[PDB]
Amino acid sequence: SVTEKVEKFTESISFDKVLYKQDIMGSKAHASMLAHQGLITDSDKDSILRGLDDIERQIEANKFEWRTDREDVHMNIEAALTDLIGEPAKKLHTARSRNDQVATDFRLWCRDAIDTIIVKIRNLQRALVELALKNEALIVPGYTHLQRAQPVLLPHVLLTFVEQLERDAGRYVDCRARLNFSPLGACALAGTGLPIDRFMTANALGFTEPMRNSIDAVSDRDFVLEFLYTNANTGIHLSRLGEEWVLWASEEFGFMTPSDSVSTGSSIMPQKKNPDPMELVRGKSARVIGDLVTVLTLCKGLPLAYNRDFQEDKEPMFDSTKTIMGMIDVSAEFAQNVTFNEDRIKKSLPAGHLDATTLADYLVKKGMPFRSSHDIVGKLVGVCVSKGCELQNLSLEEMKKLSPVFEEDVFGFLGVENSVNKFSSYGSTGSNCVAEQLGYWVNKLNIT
């Protein structure tokens, strides 16, 4: 059947039912306004409000029957309201279109979602900082080109992700403020000649103020694009977190062991511990980017004002949102269920001459042009490579072959533990510098 095919193709209730709390809040505000403006009676208002709250209790109770033949969340709720309370229900359509209603509902849902995500992000930040604090003294390699470049403190590495998430949080805060303007009162696109008060409904629904352009009100989906992007950049942070942790849990790296409860394995190979949760965090970054491209492509090239294509805005946003929330929480649980392999890590450090840059710094302190200090440290490392020692084990006499500036104080700058203590610049991996940043984060996240 044609109308049956088209019904199935155009219905949105299968997905848009999740807007129910926002829709009800939006309708209550609309009705309160209508009464205050003299377009309905107080009596009709009290009826609408009590009816809407009854339907809400019914949905919370999983006793509400959603219907395809009723199209969407708005008509499903309006039609049930009418069955419950009679004619007053029909008064909700006064000075209102689904165009402006859906925009209101969807912005309200986004606002609540953003709020939830910020709580989740702070939780992940805390989980990372608690892990940093648990391993504050542990030295690991820092990498460029996935080659060992310099020794860093494990907390400094973890604070990288904590700082990335702070930028994410900042985007979410800016996203929320930009979207917190009311489209309600725009009607189908042009506003109304009826005496509504859009300032009153804006305020009732916690919006900053009403949007100043009704065509903009019904045609705008920037708040969707911005939310999707914010989720995509957040997902990227977590994808790099995931790459990192899948590497650290490999045997080649050997740095991290996940608990049984966040890994899988083999009956016949009992040391194999697969970090499936973080591999899925990495992979789920893909869908979040996909969701963003959807709505970008959707909006491209569309004429004004309202077009049915905009119905396609919701499922990507719901997907993106669900996905990031999962990623954030899973990452936090993973952070709480890993331990570092101190002996394996400490064994691996000596062979990399990670203290070379600290030695070059020593020489630069003593007056040597940097390019000369690097050549000389280069040579010394080659000596250590052939002899199979560390720089720390070279004699002062050996160093004096290359320059007279070397003195006995040089040994305070050699070995990884001394190298780490010698970093001193703001934001560096130095012990006191990392200590300060940790204290800053403890205080900001209210950790105790």
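For every residue, the number given is its place in the sequence shown, counted from 1.
Averaged over CA atoms, B-factors in the entry run higher in 384-392 than in the other of 384-392 and 409-417. 154-162 and 332-340 differ in mean CA B-factor, and the higher of the two is recorded for 332-340. The PDB entry assigns its highest CA temperature factor, among 375, 309, 319, 279, to 375. For residue 432, the recorded CA B-factor ranks within the highest third of the chain. Only modelled residues enter the ranking.
In the PDB entry, residue 145 places in the middle third of its chain by CA B-factor. For residue 283, the recorded CA B-factor ranks within the lowest third of the chain. Only modelled residues enter the ranking. Per the deposited record, the Cα B-factor of residue 234 falls in the lowest third when ranked against the other modelled residues of its chain. Per the PDB record, residue ranking by Cα B-factor puts residue 264 in the middle third of the chain.
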